[PDB]
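Presented below, as structure tokens, is a lone chain in the form solved without this ligand.
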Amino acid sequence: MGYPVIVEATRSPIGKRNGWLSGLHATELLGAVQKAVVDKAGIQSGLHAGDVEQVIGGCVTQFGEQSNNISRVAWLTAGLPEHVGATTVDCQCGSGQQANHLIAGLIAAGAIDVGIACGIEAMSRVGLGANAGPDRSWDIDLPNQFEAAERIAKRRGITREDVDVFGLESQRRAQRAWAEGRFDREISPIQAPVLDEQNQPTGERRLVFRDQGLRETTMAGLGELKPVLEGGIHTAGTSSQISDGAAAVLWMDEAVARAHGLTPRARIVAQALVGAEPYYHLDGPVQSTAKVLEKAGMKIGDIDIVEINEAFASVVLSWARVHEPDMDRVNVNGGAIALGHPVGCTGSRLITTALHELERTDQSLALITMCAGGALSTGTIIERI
């Protein structure tokens, strides 16, 4: 029955831990962006939020503020129409991306005509590991994310100098894109309650629009940062930042889009959520890229733009030794090192970044790929329309 297309995509700016956005309840953050993508969309023709049929939102730590189907709770918090169905999903770091895969699915099945995929992570309000806790006081364990980043690094001959060159360029490329206002179209600025040094609301609610994570960065400077692991090569200036943010993409059946005055903007050429190798934990992008290129019938050379998530520099460097891409087409507006990584959101964020960059530069094809806790990886290939 259906053919899914993106008709609109938007994101909050990404705030730092305890930064510009720590004053929003996670449900508000998400809800705000849910309404923002519907509002952006509603301009060309009369689309209203009750035209939406289902919402599917990635979120990793589904505890407290982020428990109880946040995709549903945000929708309602934001005062949007209660008839609209909502599901929240978890496949760690890829949840945000997976949400788009799933919404596409539903349209393809002719189950819905209009859906919103989104993702959220208010890592200031609800932090990593808040969803377990008691846990104690053949058959072996996944490394933790910092151990994996070093394992991946040893596997590929990736050196401290290598990853510092990377983190520096991530910072540079983001600063340039900010300077040029390349983010301006994708960003819905957000009203946030301002907290103080004591963590209490002043009265003010600033209008946040800039990604908080940018920072003057130097080869010399990076240079003296401490590894996070004893004996490791990853520092803080070469691994993504903990952040707050939310993102949202609005999908339609192309014919319904076309019939009610909305312009289709992109389709999915191919999509995947694949397993990775437990030992390396986060090398998943090798696997997901391989699978979507394979399905698409394409080679890395056919892809104009790649968003691969800078969880850690080694991950990306490791994925580049395997698929041998042109580094000038990978993370062109910088990435998570510079801009931040609010885990549940990132996957919808990346799709959002890439679509706008294909639109800005008038190019055709983008690859989106992320590694993910529990040794998963998500990949997508989108084609501009």
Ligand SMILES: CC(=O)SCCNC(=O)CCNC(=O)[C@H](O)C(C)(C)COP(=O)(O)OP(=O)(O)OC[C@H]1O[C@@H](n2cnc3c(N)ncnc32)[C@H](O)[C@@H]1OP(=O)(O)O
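Residue numbers here begin at 1 and follow the sequence given. Shifts are known only where both forms have a C-alpha. So that the term is clear: the rigid core is the largest set of C-alpha atoms that superpose within 1.5 Å between two forms.
Beyond the structure shown, there is the form solved in complex with this ligand, which is absent from this document and is the topic of what follows.
Discussion item. Taking this ligand in the deposited complex and overlaying it onto this form via the surrounding C-alphas, would you call the pocket open or blocked, using 3+ ligand atoms within 2.4 Å of backbone or C-beta atoms as the cut?
Written reply: After superposition, this ligand sits free of the main chain and C-betas, so open.
Discussion item. Can you tell me if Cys371 lies within 4.5 angstroms of this ligand in the deposited complex, counting non-hydrogen atoms only?
Written reply: Taking the distances in the deposited complex, the answer for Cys371 is yes, it comes within 4.5 Å of this ligand.
Fill in: Partner proximity in the deposited complex: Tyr279 to this ligand, non-hydrogen atom cutoff 4.5 Å
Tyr279 lies outside the contact set for this ligand.
Worksheet item: Any of the heavy atoms of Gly115 lying within 4.5 Å of this ligand in the deposited complex?
Response: Answer no; every heavy atom of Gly115 is more than 4.5 Å from this ligand in the deposited complex.
Worksheet item: So, in the deposited complex, is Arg210 in contact with this ligand at a 4.5 angstroms heavy atom limit?
Response: No, no contact at 4.5 Å.
Practice prompt. Considering this ligand in the deposited complex, find the one stretch among 186-194, 138-146, 287-295, 262-270 with heavy atoms no farther than 4.5 Å from it.
Written response: Result for this chain: 138-146.
Worksheet item: Though this ligand is not shown, can you say which of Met252, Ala74, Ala248, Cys93 has a heavy atom within 4.5 Å of it in the deposited complex?
Response: Contact with this ligand in the deposited complex is made by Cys93 alone.
Practice prompt. Have a look at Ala78, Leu102, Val89, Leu222 for me and say which one sits with a heavy atom within 4.5 Å of this ligand in the deposited complex.
Written response: Looking at the other structure, the residue within range turns out to be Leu222.
Worksheet item: Mind listing which residues of 212-232 have a heavy atom within 4.5 Å of this ligand in the deposited complex?
Response: Heavy-atom contacts within 4.5 Å come from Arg215, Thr217, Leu222, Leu225, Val228.
Worksheet item: Moving stretches between this form and the one not shown on a rigid-core fit: which runs of at least three residues all have C-alpha shifts of 2 Å or more?
Response: When the rigid core is held fixed, residues 134-137 make up the only run that shifts.
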